[PDB]
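**Q** Positions 1782 to 1836, 1849 to 1981, 1983 to 2826 (full-length UniProt numbering) are the ones given, in order, by the sequence shown. Quick one: the structure is below, questions incoming.
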Amino acid sequence: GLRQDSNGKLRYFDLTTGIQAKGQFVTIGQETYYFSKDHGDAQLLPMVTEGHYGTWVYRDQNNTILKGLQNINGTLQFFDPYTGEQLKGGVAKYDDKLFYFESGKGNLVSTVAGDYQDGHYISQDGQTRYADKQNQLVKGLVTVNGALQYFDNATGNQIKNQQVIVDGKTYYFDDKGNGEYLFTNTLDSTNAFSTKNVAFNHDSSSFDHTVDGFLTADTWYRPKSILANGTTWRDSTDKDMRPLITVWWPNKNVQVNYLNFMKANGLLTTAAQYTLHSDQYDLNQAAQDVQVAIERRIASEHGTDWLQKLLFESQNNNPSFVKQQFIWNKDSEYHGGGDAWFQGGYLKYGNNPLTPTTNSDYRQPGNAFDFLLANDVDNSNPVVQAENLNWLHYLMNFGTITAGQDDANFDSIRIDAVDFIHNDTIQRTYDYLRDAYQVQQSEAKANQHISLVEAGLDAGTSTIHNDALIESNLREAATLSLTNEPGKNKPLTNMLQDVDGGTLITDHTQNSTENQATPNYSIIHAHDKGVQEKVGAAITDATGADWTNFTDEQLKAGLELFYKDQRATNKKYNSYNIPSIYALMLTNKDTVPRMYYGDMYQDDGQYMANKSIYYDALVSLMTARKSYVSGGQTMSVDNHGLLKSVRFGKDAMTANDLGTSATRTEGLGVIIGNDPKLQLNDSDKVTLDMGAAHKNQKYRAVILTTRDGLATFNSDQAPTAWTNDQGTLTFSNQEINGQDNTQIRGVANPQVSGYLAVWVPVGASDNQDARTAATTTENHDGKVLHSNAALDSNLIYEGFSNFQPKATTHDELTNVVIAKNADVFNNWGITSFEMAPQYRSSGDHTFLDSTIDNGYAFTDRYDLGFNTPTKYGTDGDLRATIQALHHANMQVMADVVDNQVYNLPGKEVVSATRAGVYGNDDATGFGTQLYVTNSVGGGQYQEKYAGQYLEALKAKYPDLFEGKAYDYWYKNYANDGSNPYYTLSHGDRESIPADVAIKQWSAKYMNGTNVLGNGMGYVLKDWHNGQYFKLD
Ligand SMILES: OC[C@H]1O[C@@H](O)[C@H](O)[C@@H](O)[C@@H]1O
Ligand SMILES: OC[C@H]1O[C@@H](O)[C@H](O)[C@@H](O)[C@@H]1O
Ligand SMILES: OC[C@H]1O[C@@H](O)[C@H](O)[C@@H](O)[C@@H]1O
Ligand SMILES: OC[C@H]1O[C@@H](O)[C@H](O)[C@@H](O)[C@@H]1O
Ligand SMILES: OC[C@H]1O[C@@H](O)[C@H](O)[C@@H](O)[C@@H]1O
Ligand SMILES: OC[C@H]1O[C@@H](O)[C@H](O)[C@@H](O)[C@@H]1O
Ligand SMILES: OC[C@H]1O[C@@H](O)[C@H](O)[C@@H](O)[C@@H]1O
Ligand SMILES: OC[C@H]1O[C@@H](O)[C@H](O)[C@@H](O)[C@@H]1O
Ligand SMILES: OC[C@H]1O[C@@H](O)[C@H](O)[C@@H](O)[C@@H]1O
Ligand SMILES: OC[C@H]1O[C@H](O)[C@H](O)[C@@H](O)[C@@H]1O
Ligand SMILES: [Ca+2]
């Protein structure tokens, strides 16, 4: 061990190997020594005990900042010789050599071979290498321009994206070759003591807390022999179980910490200080002394329950011993990053020869995105694709199946997170609807099953044949030009055309055609879009909580503030110009608008109890839409910055068309301003060109801007204005004919920040309906939907909000109120009622969705409220709602969530790598490891209904079970800064079976999971050679 030479100087020889320590540190008993690299001569580093960290620097009991190398509390640290700043993630020179200090705590962990700042990277043989000042290849572990790196010793190739062991330390090098220290390895005990700790055998009965035959950090085991009472070696009985981490450790960091943890909990008495620089022999020896105290205490306690608590459970509000270790906690999982959109990011499943039950031949994303949250479903898998059809069929026949109630079935779907599931499942979904409802035959069939997706033109399987509507760019455009406070709005010229990354959806300026635009829906808000983050902000502000987890009382208080703010003229959290934006949505041509519940009602009340301040204006616009809105469209922005939008009325596509007798009392004009300080000169005129069908005609207001808000009129009893002989209405800063609120001027109030007026022609009959019926004309162009008058005649209603409170009675339940109010929706002209997703919430609080239980986060996707209600009602309440809506002549939309499942309690082991939403591998210290995942479960109703309809579907619609070639649009981003562009890709979906049900999920049917925080080394292996422990 420690020897003196003939000169009296001390030298050190490794206890296990005999090798002399030169140019390295060693901890002996309680002292830490350095041994010179030349002669191997000892040098005491005096322990620094008393003092503190501050500013980072370290001071002594004398309030003095320390400098250079220091031995602080069993760690060696370095502090700049001048500034005294602590080094972390870098090298310092000592004894004319280089040592690396890890980035966490700044502990000295290793020697580095050289420091290079005067070389050049080069490529040779498609590798990167580095050539030093003398043009020589650099080898080994080095720093280059201040970055730890490693080059293969034989070739000089820079290692990238791998873990590497160098001199018994393990490091990770990223995608750019930049390195970080992970842990220090155990050198190795060989002794007779340890050979009695070896496992009795490798059978499953000798181990517990195992998963799929793998060992975990929590595993207890039966050894060959037990040192009873700390004195007598005996044979183990089947009832002798001891923890594996009392006799074995994955790395030196854990073994050192374990010994220290046992010192602090009074199971090991020594003045010896244990560090990363302690000799392995001594560490091993000390662990054996701990066994002694443990066995002695087991005998005393007649049991092992104290040991369980000591090692594996929290203590004095501290994490357990296990959860204090890097490889067994989230720190070794490297959460976060720009692509980690929710839940700290993802783990992508792979294959391993030892995990045959979780391996997969699929797991291709088949779309732009892959991961989002919770357990991501592998919708490329044929068996999954079949189970997607089964679930889809269940929802489209939900009343039939659950109660033999044929008028209680969903008619249409929303594909949630469409870009996050494989295109084959999306195309197959569309063939199902083709086969069941013949939507491709004619617009009559298509418009009875209006479906939509959560995406724009990027949903290429949805645009290629317009099987469903995509979202227009209205939301975004309006967010630039109208939603903002005074001074922060852009000009309204961006509202003239609806454009998605440079591609045109429709142009409002001079729209006189049909079947040209991409079938789309326009919105401003949705349960998620433009709401949850602004409500989140007000909760956080009013209380303190984070926007995805908080109490119902905190929620309440946040909403109190949210609505006081929504009702004010000046708005910190809320959108400006909401009525105006709706005005545009409800009058624009070539769109199906979708109204948002939360723009008409307030979540500080039960469902539909508390009207919003916008209620009356949005009613008046819906009402006018049905009565008046048809024909072509013009739009322009005048030199005062006012947007002028006109619809001509049925049968008139342009300002010059004379129309028909229907045209006279149809059409309307909209005038919008986003500037509340607008004032016109006395001589200025604002003109709306109503068209040749509307010469010399009396008009009346639907909306007028007042000082305090908006006046709304749902009959011809309203202020009036006349067109001239050309069909032009003319406004100015004066009242028309002595009528208040007919002037144009900027106003700032709770409902408008700028200006809004809507005018319609006088003299419409009480029953006037401007809408156009779909024809049974056969389509020939291969498109399902077509953007024309008939499709524009539709109107969608998104019938929920995330932040509705829980119902306190049956009559307060959402679905009960909906049913009771069915006629109201029809009166407003709603043709499609988009219901919330009706699946029972997992209730796990791991995301916003499972905290307010909106129905997006669920375990059992067939459970739509049986026995006990969801947030919205029971299964009986849901049937009653679907029936009421149908009887009030509306379709009802099922929100189809194929992307993920939550809270699967059953455990499995699968290979995992860190990954972002794109399905891209992240380059992290975690690397690729076997991982214990929460991947098995589902629930009663899945067990009951999954796979049950497949044989019947196969008999009835064989084509869906076959493979099939298909086309779709692919959105290409150009790196050169210009706009994205679309190319025609081809797909070939696989055939799929009808005879394998997914009664419960498991990992072989999943792409991955959100990070769980178990750590890179929770599944136990030998880190010297990388082999997993696996039982028989
Ligand atoms: O745990 C904190 C840090 O520990 C360091 O030794 C590692 O190099 C880092 O990757 C890690 O973030
Ligand atoms: O040679 C004695 C000891 O030297 C220390 O510097 C190393 O960290 C140990 O692994 C080794 O056992
Ligand atoms: O785990 C429970 C049992 O474990 C054995 O190793 C001990 O000798 C018993 O006294 C103890 O009750
Ligand atoms: O409390 C003692 C018991 O703890 C459990 O958690 C372990 O799994 C058992 O093997 C052990 O016998
Ligand atoms: O793999 C298919 C996907 O790849 C992405 O690169 C494109 O942006 C998508 O439009 C396409 O669906
Ligand atoms: O499924 C997770 C998320 O996906 C989105 O597609 C939904 O609209 C959100 O409300 C949801 O929180
Ligand atoms: O390119 C922007 C597009 O992105 C999509 O995610 C949105 O749903 C569209 O409203 C928008 O037009
Ligand atoms: O709105 C629900 C409808 O369901 C029907 O079966 C009832 O018999 C009607 O009275 C009712 O109009
Ligand atoms: O209730 C659904 C309604 O949707 C419309 O778009 C259909 O084309 C109408 O025939 C139907 O009355
Ligand atoms: O220029 C610095 C970069 O050059 C090279 O591309 C290397 O691969 C990378 O290690 C380095 O950071
Ligand atoms: Ca996915």
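No residue lacks a Cβ here, since even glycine has one placed at the ideal position from N, Cα and C.
I'd like to confirm the pairing. Which residues does DSSP put opposite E1812 in its beta bridges?
**A** Residue 1812 sits at position 31 when you count from the first residue of the sequence shown. According to DSSP, which records beta bridges pairwise, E1812 is partnered with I1809.
**Q** Classify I1958 as helix, strand or coil using the three-state DSSP reduction.
**A** One-based indexing of the sequence shown puts residue 1958 at position 165. Three-state result, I1958: strand.
**Q** Is the beta carbon of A2168 sitting closer than 8 Å to the one on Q2694?
**A** Within the sequence shown, residue 2168 is the residue found at index 374, counting from 1. Within the sequence shown, residue 2694 is the residue found at index 900, counting from 1. Contact flag set, yes.
**Q** Going by DSSP in three states, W2185 sits in which element: helix, strand or coil?
**A** Locating residue 2185 in the sequence shown gives position 391, where the first residue counts as 1. In this structure, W2185 counts as helix in the three-state DSSP scheme.
**Q** Could you check the C-alpha separation between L2141 and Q2400 for me, to the nearest Å?
**A** Walking along the sequence shown from the start, residue 2141 turns up at place 347. Walking along the sequence shown from the start, residue 2400 turns up at place 606. One C-alpha to the other measures close to 39 Å.
**Q** Assign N2766 to one of two classes, buried (16 or more other C-beta atoms within 10 Å of its C-beta) or exposed (fewer than that).
**A** Along the sequence shown, read from residue 1 onward, the residue named residue 2766 stands at position 972. Flag for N2766 reads exposed.
**Q** Taking 7 Å as the cut-off, is the beta-carbon of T1797 closer than that to any non-hydrogen atom of ligand 10?
**A** In the sequence shown, residue 1797 corresponds to position 16, counting from 1. No, ligand 10 has no heavy atom inside 7 Å of this Cβ.
**Q** Have a look at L1980 and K1818 and give me their C-alpha separation to the nearest angstrom.
**A** Stepping through the sequence shown from its first residue, residue 1980 is reached at position 187. Stepping through the sequence shown from its first residue, residue 1818 is reached at position 37. C-alpha separation (whole angstroms): 21 Å.
**Q** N2241 by DSSP, collapsed to three states: which one?
**A** Here the question's residue 2241 lines up with position 447 in the sequence shown. Looking at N2241 - three-state DSSP - the assignment turns out to be coil, as it is neither helix nor strand.
**Q** Expressed to the nearest angstrom, what Euclidean distance is found between the alpha-carbon atoms of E2265 and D2252?
**A** What you label residue 2265 is simply residue 471 of the sequence shown in a count that begins at 1. What you label residue 2252 is simply residue 458 of the sequence shown in a count that begins at 1. Answer to the nearest angstrom: the Cα atoms are 10 Å apart.
**Q** Please enumerate, following chain order, all residues with a beta carbon closer than 6 Å to at least one heavy atom belonging to ligand 5.
**A** Any residue whose Cβ sits closer than 6 Å to a heavy atom of ligand 5 makes the list: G2160, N2161, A2162, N2217, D2252, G2254, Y2764 and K2765.
**Q** Compare the beta carbon distance of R2708 and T2664 with 8 Å and say whether it is the shorter of the two.
**A** Taking the sequence shown and counting its residues from 1, the one referred to as residue 2708 is at position 914. Taking the sequence shown and counting its residues from 1, the one referred to as residue 2664 is at position 870. For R2708 and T2664, no; Cβs fall outside 8 Å.
**Q** Decide if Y2712 is buried, meaning its Cβ has at least 16 other Cβ atoms within 10 Å, or exposed.
**A** Residue numbering aside, residue 2712 sits at position 918 when the sequence shown is read from its first letter. Exposed, since its Cβ has fewer than 16 Cβ neighbours within 10 Å.
**Q** By Cβ distance below 7 Å, which residues in the same chain neighbour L2349 in space, the five residues on each side in sequence not counted?
**A** The residue you call residue 2349 lines up with position 555 of the sequence shown. The residues are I2333 and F2597.
**Q** Under three-state DSSP, which class holds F2163?
**A** As a position in the sequence shown, residue 2163 is number 369, starting the count at 1. If DSSP states are grouped into helix, strand and coil, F2163 belongs with coil.
**Q** On a Cα-Cα basis, can you pick out the residue from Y2224, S1903 and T2194 that is closest to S2206?
**A** Residue mapping note: residue 2206 aligns to position 412 of the sequence shown, counting from 1. Ranking the options by Cα distance to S2206, first place goes to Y2224.
**Q** Kindly provide the chain-ordered list of residues whose Cβ lies closer than 5 Å to any non-hydrogen atom of ligand 10.
**A** Spelled out in chain order, the answer is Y1914, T1921, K1969 and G1970.
**Q** Between the region 1872-1890 and the region 2047-2059, are three or more C-beta pairs nearer than 8 Å?
**A** Touching, no, given that fewer than three Cβ pairs across the two stretches are closer than 8 Å.
**Q** Any idea if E2089 is buried or exposed, counting beta-carbon neighbours within 10 angstroms, 16 or more meaning buried?
**A** Indexing the sequence shown from 1 puts residue 2089 at position 295. Burial call: buried.
**Q** Within this structure, are the beta carbons of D2586 and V2556 separated by less than 8 Å?
**A** Locating residue 2586 in the sequence shown gives position 792, counting from the first residue. Locating residue 2556 in the sequence shown gives position 762, counting from the first residue. For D2586 and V2556, no; Cβs fall outside 8 Å.
**Q** Return the bridge partner residues of residue 1841 from the DSSP annotation.
**A** It's not possible to place residue 1841 here, given that the chain moves directly from 1836 to 1849.
**Q** Would you list, in sequence order, the uninterrupted beta strand (DSSP E) runs of no fewer than 3 residues that lie entirely inside the region 2563-2612?
**A** Whole beta strand (DSSP E) segments, 3+ residues: 2590-2592.
**Q** Ligand 6 heavy atoms versus the CB of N2693: any closer than 7 Å?
**A** Translated into the one-based positions of the sequence shown, residue 2693 becomes position 899. Yes.
**Q** I want to check one thing, is the minimum distance from the CB of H2096 to the heavy atoms of ligand 4 below 7 Å?
**A** As a first step, residue 2096 must be located in the sequence shown, where it is residue number 302. Outside the cutoff, so no.
**Q** Do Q1920 and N1938 have their C-beta atoms within less than 8 Å of each other?
**A** Mapped onto the sequence shown, residue 1920 falls at position 127. Mapped onto the sequence shown, residue 1938 falls at position 145. In this structure, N1938 does not lie closer than 8 Å to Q1920 by Cβ.
**Q** Buried or exposed: which applies to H2187, given that a residue is buried once 16 or more other Cβ atoms fall within 10 Å of its Cβ?
**A** As a working mapping, residue 2187 is identified with position 393 in the sequence shown. It counts as buried.
**Q** By the three-class DSSP mapping on this structure, what secondary structure does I2530 have?
**A** Here residue 2530 is taken as the residue at index 736 of the sequence shown, counted from 1. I2530 falls in the coil class under three-state DSSP.
**Q** Quick one: residues with CB closer than 6 Å to any heavy atom of ligand 1, in chain order, please.
**A** Result: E1895, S1896, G1897, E1973, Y1974, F2120, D2125 and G2719.
**Q** Looking only at its chain, what residues have a beta carbon closer than 6 Å to the beta carbon of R2494, apart from the 5 residues adjacent to it on each side?
**A** Counted from its first residue, the sequence shown places residue 2494 at position 700. For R2494, where only same-chain residues beyond five positions count, the Cβ hits under 6 Å are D2510, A2512, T2514 and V2556.
**Q** From the DSSP output, in three-state form, read off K2033 for me.
**A** Sequence index remark: in the sequence shown, residue 2033 carries index 239 (1-based). Three-state DSSP puts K2033 in coil, outside helix and strand.
**Q** Let me check you understand the geometry: is the CB of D2170 closer than 7 Å to at least one non-hydrogen atom of ligand 11?
**A** On the sequence shown, position 376 is the one that residue 2170 refers to. Checking every heavy atom of ligand 11 against the Cβ of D2170, one is found closer than 7 Å.
**Q** So what's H2216 in DSSP terms, helix, strand or just coil?
**A** On the sequence shown, position 422 is the one that residue 2216 refers to. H2216 falls in the coil class under three-state DSSP.
**Q** Express the C-alpha separation of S2316 and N2382 in angstroms, rounding to a whole number.
**A** Reading the sequence shown from its first residue, position 588 is the one you call residue 2382. Reading the sequence shown from its first residue, position 522 is the one you call residue 2316. For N2382 and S2316, the distance between alpha carbons rounds to 9 Å.
**Q** Output yes or no for whether 8 Å exceeds the beta carbon distance between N2175 and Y2799.
**A** Against the sequence shown, residue 2175 aligns to sequence position 381. Against the sequence shown, residue 2799 aligns to sequence position 1005. Closer than 8 Å, so yes.
**Q** According to DSSP, is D2657 helix, strand or coil?
**A** Here residue 2657 is taken as the residue at index 863 of the sequence shown, counted from 1. Correct three-state label for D2657: coil.
**Q** Any idea which residues DSSP pairs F1966 with across the strands?
**A** Taking the first residue of the sequence shown as position 1, residue 1966 is located at position 173. Bridge partners of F1966: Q1955 and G1972.
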